[PDB]
Each structure stands twice: as C-alpha cells, then as structure tokens.
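Remember, it's 1-based here, ligands and their atoms both numbered in the order they're listed. Heavy-atom basis, side chains included; hydrogens, waters and symmetry copies ignored. Every chain is numbered from 1 and lettered A, B, ... according to where its sequence line falls, protein lines coming before strand lines.
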Amino acid sequence: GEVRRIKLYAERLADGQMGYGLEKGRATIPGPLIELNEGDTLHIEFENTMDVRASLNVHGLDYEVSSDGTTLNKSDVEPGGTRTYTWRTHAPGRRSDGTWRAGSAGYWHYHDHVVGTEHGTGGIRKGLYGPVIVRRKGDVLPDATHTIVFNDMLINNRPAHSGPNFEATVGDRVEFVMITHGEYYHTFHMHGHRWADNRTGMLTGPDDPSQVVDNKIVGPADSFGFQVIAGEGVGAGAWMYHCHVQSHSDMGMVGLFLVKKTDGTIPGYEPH
Amino acid sequence: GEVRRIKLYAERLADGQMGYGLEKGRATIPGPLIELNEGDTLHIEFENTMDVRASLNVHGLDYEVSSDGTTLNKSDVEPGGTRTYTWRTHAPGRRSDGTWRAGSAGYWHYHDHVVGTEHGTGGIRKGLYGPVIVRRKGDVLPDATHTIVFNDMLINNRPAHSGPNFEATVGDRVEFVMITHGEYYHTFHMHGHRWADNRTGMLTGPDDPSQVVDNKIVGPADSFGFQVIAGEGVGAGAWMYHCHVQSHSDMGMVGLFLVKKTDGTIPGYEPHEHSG
Amino acid sequence: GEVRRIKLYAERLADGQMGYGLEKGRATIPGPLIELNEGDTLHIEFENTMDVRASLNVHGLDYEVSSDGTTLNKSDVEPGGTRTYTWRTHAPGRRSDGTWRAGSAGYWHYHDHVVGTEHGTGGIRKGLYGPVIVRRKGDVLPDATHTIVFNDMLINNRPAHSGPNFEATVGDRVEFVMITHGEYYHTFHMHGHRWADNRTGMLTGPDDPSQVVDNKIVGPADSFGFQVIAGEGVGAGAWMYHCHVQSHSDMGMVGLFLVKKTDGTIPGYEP
Ligand SMILES: [Cu+2]
Ligand SMILES: [Cu+2]
Ligand SMILES: [Cu+2]
Ligand SMILES: [Cu+2]
Ligand SMILES: [Cu+2]
Ligand SMILES: [Cu+2]
Ligand SMILES: [Cu+2]
Ligand SMILES: [Cu+2]
Ligand SMILES: [Cu+2]
C-alpha cells in the first residue's frame, strides 16, 4: 500500500464549537472524511491552532503509543503546537500459528482525547470527531458517502430539527458512516431502507446469515457503516432517519435522506 | 408471491390504552401478528376509529412514502378516516452491479407514528405496536410463535409482575419475536435456552460464525426473533425470561416459559398444598 | 467429554462485599475462572458460608431447573448450607430433521440469583459473579486470560481509577472475558487492539463477514470475549481499556493493558 500525507488543523469555530479541517479556516463538524486502502500508511501533520491542548486519537487502525493522542502516552499537542501522527493499516492474512489476522478494513473514526478531560469529553462535545473508512481490496465503492454522528442529543452538532439532510438520486449507491459519542445510547433508524449488520453493511451472498436491520442500538464511540441503493424497491421521497429513542426523536434527533427522481423531482413532503 | 388483503382498526381501549385489531372491538396489545413470505404484497385497509390522527408505519418491509404513515409524508389518517396502506416484500438476489440485494425476511414490527407526537410517542406508549414476520423460502416453521414487547418498563403493556407466560411441551419448536419500544435500553435474557444472533436465531450449519447468546441488549424499535427446541438439553420446568437490567427485573419485567414434560407436568410446579 | 467436580464457596468479604472462591478464605471478585470443553459435565459442590441465602446461576450452559439457582425452582442455598449444582455442555451437531443445534461454547458467566432480591440484585452488586469459558474442539488456547467486569460504575468492584491493569509481552496470545452487570449500559473499548464480534473474537478465515471492532456496547448480563496478539502491529506500550461513555471514563472506568517488550521494558507512561 501507499504512503500518504495530509495536513489537519484543530480550530475553535466562530460559534465556539471546535473542529478539524484540511486547511486553516476550513474546519468542519464532523471533520474531513479520511479514506485509506488496507496496507496504506497515513502521516497526518496536525497543527493545534487553539489556546488549549488538543490531540488526535484513532479507533481501529494501527498506531504506536506515540500516536495515541493521550497525555498517558505524551502525545497530545500544546496550544499552537504541531505533531505528526502516523496511522498504519494491514490487510488480513494467515499467521504462522494458523489463525487468521483480521485486517484493518472497517468504518472507524478519530477524535480529540484531551480537551476538557483526559478522555476528550470536551473536545468531543464541541465537535472534534470525524470519520475514517479503511477499504479492503475489492470492496464496492459508492457514489457518495455521508457521515452521521449522534453526539449526545445532537446530530453533527446541528441544533434540534436542523438536519443534516442528504440528497441522492434513485438507484445511487449511497454510503453512510454512523458514529456515536458522548453520554447516551441511541438507536439509529432509516425509513425505507435496510442493511446487513456486518463489516460492510452488505450481505456477501445467500450464505451470509447476518441480521438485516433498519434499526441499530449504538453507544459512545461505536461506529459502523453500510451502503444502500437509494430508493430501492421503495421509490423517490423524503426518507427520514432518526434516533428511535422516543424523546430523542421528539427533541429533534431527525434528518432527511432526500431521494430524488432522475428528473430531479421529489414527492411533496412537509418538513418540521 | 401472493397479494393479500386485511382490514385493521386502531381503537381506544380501557384505561387510556390504544390498540390495533383485525375487527372492531377486538384490538389487542401487541397488535395482530402479520406473517408474509418474501415476494408477498399486503394491502391493509386501515380505519382509524379514534378521535386523534393515527397511522401505521412498518419497519423492514418495502413501502412508498404514501404508506410511510408520517406527518412528513402526509400519510397518516384523520379521526374516523380510512386509508389503504401497502407493504411489499422481495426475495434476495444478485444486482447488476454484482452485489447481493438483502431480502425482506426477518422479524419486524409496525407501530403508530402520529399519536402524541410526530414520532408516535403517545401511540407507542399506549399500545399501538405489533409484530410482522417475513419468511424466506425454506425457512423452518415453528409450532407456536409468542411476541414479547419491552415497552418502557412494561411487557406488552401489562401491569408490572404480570407475565405474560407462554406454555410449550419439551421438544416443541417455539418461536419468539422480541420488540422494544420507548425510552429505555434493556437486556433480554432467557433461562435454560440460547439462540444465534443472526437473521433466524438458528445457526445455518458448522460454517456459521454467529454469536450464540442467552442475553441481548436492545433499544427502542429494535426487533429480533429466534426459535428454540423447548427444554432441549435442559428438560421441563418454569424457565424465566426477563430483562436483566437489575432494577427492571426487580420491578417486574419477568415472565415464564412453562415447558411441560410429555406427560403434561411441570417439575417443581406445586400450586397446591397436600394433606399430611 | 469428561465429568469434573469442584468446590465453590460464597463468602462475605470486607466493605459488605461478597465473593465466590474455590477454597475458604480465598473468595475473589470476579470469582474463579471456570473452563470446560463442550461435552464436559461439571458438578460444583457449593457451600454458602454466609448468614443469608445465596445461589449459583449460570448463563449459556445446560442445566436442569434443579440447578437454576432461583427461589422459583427451589434451588438456592440456606445460610451455611451446601448444594451440588450440575452444569452440562454439548458440542454442536445436526438434529434428525437436518437443523443445526448450536453448541454450548462461548464466553459465559455465573452469578448469584437470591441475595438482596430474587434476581440477585444485591449479590451481584456486592460481587457474586465470575466467568465461565466453554471451549470448542480445535479452539486456540491463550497464554493468559483476564476477566473485566463492568458492574454498575466499577470495574471488578475496585474503587474508581484503580485499574485493574493486566500485563503481557509483545506477541503473547491474550484472552479477555468481558461481563457487564447491574443498571447501566457501557461501551467497552481497547486502544491499539481490535477483535471480531463473533464467538471467539477471531475471524474464522477469509469468508467470515463479522464486524471487526474496538468498541462494543454492552448491558447487564452481556458476556463476550476475544483473543488478541499483544502489541500486534502497534508494539509495546500502556494501552488503555475503558468504558467509552464519556462520564464513565472521566469517573474512572479505565485500566491499562501493559504490553512489555521482550527485555521487560515499556515506553514511559504518564498515569
Ligand atoms: Cu481512549
Ligand atoms: Cu438517541
Ligand atoms: Cu475513542
Ligand atoms: Cu420513524
Ligand atoms: Cu429492562
Ligand atoms: Cu419506527
Ligand atoms: Cu435470571
Ligand atoms: Cu460505562
Ligand atoms: Cu443472569
């Protein structure tokens, strides 16, 4: 695999949240999607532009303790500081003991681990999280990828009942990365669509016995993903996605997957 | 598959509850079990007999936004009104991009989406939910199917400490459909029995790596199901199922799977004293 | 499989705690690891040394109602009493009707069912729980097995911020059994290591579609386990494991997997 390099900056946002960006002044919440193929190495030249200590910690991928992003492993970044974090990945294969070593591929995420507390409770609450996809050779690639983060009671830190909404055309392969943070369990639900509860969100064939679900319980720092064919068997329309914990949806943990016809039109709907 | 048609009614029930039924005055909580084979279409002629808008939304099955049963899609039903919902299903198959399209088969459920709030919070609380099983060709069919709904701190909206209990005889192939609703997470456990955490609850063969469990965390709107051979390897008796969150079980989220010997009896079952 | 016999005791410990042990005065929380192979039968001669009734209930394994360990099935133990519980286990196989019967193998656990309430709420809170592993023929055996119990907001009933920590050398095959109890859901997370969300925690080979995770939601009475190669592709170090529920990790539900180089050293850490 490739040796890759990116720049990342942690920035306080003008509304007082915090976010990672590929350029100065271009921070988003969630942070930018990082995509790698198993075997790729990624060196992230990270700069903490804030006036508090901040770090970068990744789930699932291979890193040494010097890229833990923790105070425990002396690998957080002082205010205005820089640090190069290195993520590695490996393909699956047979160990000499006969057992099978699981590859890095999966739907993963990165987050701050020092803002607020030694577990990143404040950086997480403020926005310092983002998605990482590690692909296996042969994995099917999508038309679009959309990241949905249930961070305490907000989606992608948006106010109640304020999306995000994602648009697609009927028939598109659409990938969703679904990450959870904070204090609460949630249940992720999409109307109109369903996926397999396995690595890729898709059944490998008729012999794959994976649960096919449209609703999935998640807790802080869980991540999974899937791909659907937009509107498959169900048509164009505004397909809600939402936490299914009753008060959480009532409180605004709801967005719309807007699946349009190939003429760009959608059946009329009446949003909040 | 085949085109099927049923009538369904939503009605108020005593004590502030609401339910679906196949005929007026026969609503139940949970609502009627709907069972389809992959490829079947079901048209439900739904009548809302209540004085507030109500709907039917289903998980897992195929439906267009005109049968979403949501305010968003203007597909709920006014007081006294009727609407025909359509649920479709499909078998799995290979797509022209080379991927495998997952079939409709599974343990699913339907519920109201507009009573109380535009997420049906009031209607689900009150009893407007029921089970839907879609079978795949070749699926093994059970001797009996029992539905267990954890709705907040109640089972099937029954008073705390009131079951339900289900009976079977050793060797029967008993299916359970387990649905959760409301605000709380739970952990569903059964004494003496275990199942696979996969589509059918049964391992497919020696090649199926699915987890074998007797305890499963669930949250609002999760549904799963399984079949067990009653008493297999463990014999007759009163086998508890309960939520394993400790205060939940202590507050009464418990029921009995009552497994009889083939002679009719349940060991240890002594409801009555004896002289002497 | 073989017939095995053991003794087990329930005792009070300090601080109003209660524990199971394989010898008097040797109760521990979690209780002793019990390991069987599918087919084995285990007869446990259990003595309740305490002054309240107590019992032994197990998840996963085959038992008759006489060993349910509940008041419902008249199988708890009077103060100072003794009872022999029997656990059986079976291999997987095909039924006469061609359906596949799942085996007893997995990562399971035993606990009291009558202390405090008829669901063992106080017995669990106070420490009456432990791990059982049932192995399948051909399963790989580890170098060490560590048990991590999330019991409400404590790990293994230990005070906040007091581990437990577990040590290995780079390359050791280390097995974890993770059991949760009480009132709360948690998410179990381990730095620098991952596992398959299936029975063994290891993929069966190139066809097994199980998700590979490093973070897993669990609730009361859930149990799972896995093996890793310590430090694989990431090296020696102080690798945290913790609940990832943010207040729970802030309140001290954290431990270290201390993975040492072969010369016994470990990159300097800041606990
Ligand atoms: Cu961490
Ligand atoms: Cu939620
Ligand atoms: Cu994390
Ligand atoms: Cu909905
Ligand atoms: Cu519960
Ligand atoms: Cu729903
Ligand atoms: Cu129990
Ligand atoms: Cu926790
Ligand atoms: Cu239990």
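- Using a 4.5 Å heavy-atom cutoff, the side chains of B:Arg125 and A:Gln246 are not in contact.
- Classification of the B:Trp195-B:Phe226 ring pair by plane angle, with boundaries at 30° and 60°, yields parallel.
- Using cut-offs of 30° and 60° for the angle between ring planes, the A:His272 and A:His161 rings count as parallel.
- Around the Cu ion (ligand 2), the protein N, O or S atoms found under 2.8 Å comprise A:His186 ND1, A:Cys243 SG, A:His248 ND1.
- Without hydrogens or angle criteria, A:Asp222 side chain to A:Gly219 main chain gives a donor-acceptor distance under 3.5 Å.
- Residues passing the salt bridge (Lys or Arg N to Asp or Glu O under 4.0 Å) test with B:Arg194 are C:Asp62, sequence neighbours excluded.
- C:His59 and C:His111 have tilted rings, their planes meeting at an angle from 30° to 60° on a 0 to 90° scale.
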